[PDB]
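First the structure, in the form of C-alpha cells, and then the observations on it.
Protein chains: 2
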Amino acid sequence: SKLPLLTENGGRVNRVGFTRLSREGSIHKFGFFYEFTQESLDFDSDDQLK
Amino acid sequence: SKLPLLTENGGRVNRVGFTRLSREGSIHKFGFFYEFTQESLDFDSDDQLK
Numbered sequence: 102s103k104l105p106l107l108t109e110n111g112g113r114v115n116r117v118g119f120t121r122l123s124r125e126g127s128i129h130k131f132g133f134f135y136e137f138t139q140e141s142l143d144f145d146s147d148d149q150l151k
Numbered sequence: 102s103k104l105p106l107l108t109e110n111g112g113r114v115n116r117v118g119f120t121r122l123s124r125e126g127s128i129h130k131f132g133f134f135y136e137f138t139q140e141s142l143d144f145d146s147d148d149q150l151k
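Going down the list, the sequences are from chains E and B.
According to the authors' numbering, the first sequence is numbered sequentially starting from 102.
According to the authors' numbering, the second sequence is numbered sequentially starting from 102.
The following block contains the structure:
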C-alpha cells in the first residue's frame, strides 16, 4: 500500500521527511567522611588505626 | 473653367497647394508548443519520434 510509486507525469508525489532526536546525561556529586579525636589515635590499642 | 491663365501683367494669381498622406503598419506576436514525457519517447516503438 505505502510503496513509493511513480507515474509518467512525474510531480509532487512521495514526499518524505526526517527527524533528529537527542539524548542527555547529567553529573552528580557524592561524598562522605568520618571524624576522630587525638585522644582516639594517641592512646589507642592499635598503632596504625589511621 | 480652371485652366491656369495669366494676363500680361501677372500678379498673385494661380496659386497651388501640396499635401502628403501617410501610411501605417505594425507587427503581432505568435506561438504554439507541445509537451511530452520522457517515457513516451523512451519506450515508444518508433525510435525517431522527436
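Yeah, the Cβ is synthetic: ideal placement off N, Cα and C, and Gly gets one too.
- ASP148 (chain E): not part of any alpha helix (DSSP H); DSSP gives it neither H nor E.
- Excluding sequence positions up to five before and after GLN139 (chain B), its CB lies less than 7 Å from no other CB in the same chain.
- Straight across, the Cα-Cα distance linking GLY112 (chain E) with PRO105 (chain E) is about 13 Å.
- Per DSSP, reduced to three states, the secondary structure at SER141 (chain B) is helical.
- The alpha carbon of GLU109 (chain E) has as its nearest neighbour, out of B:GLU109, B:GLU136, B:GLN149, B:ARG121, the alpha carbon of B:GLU136.
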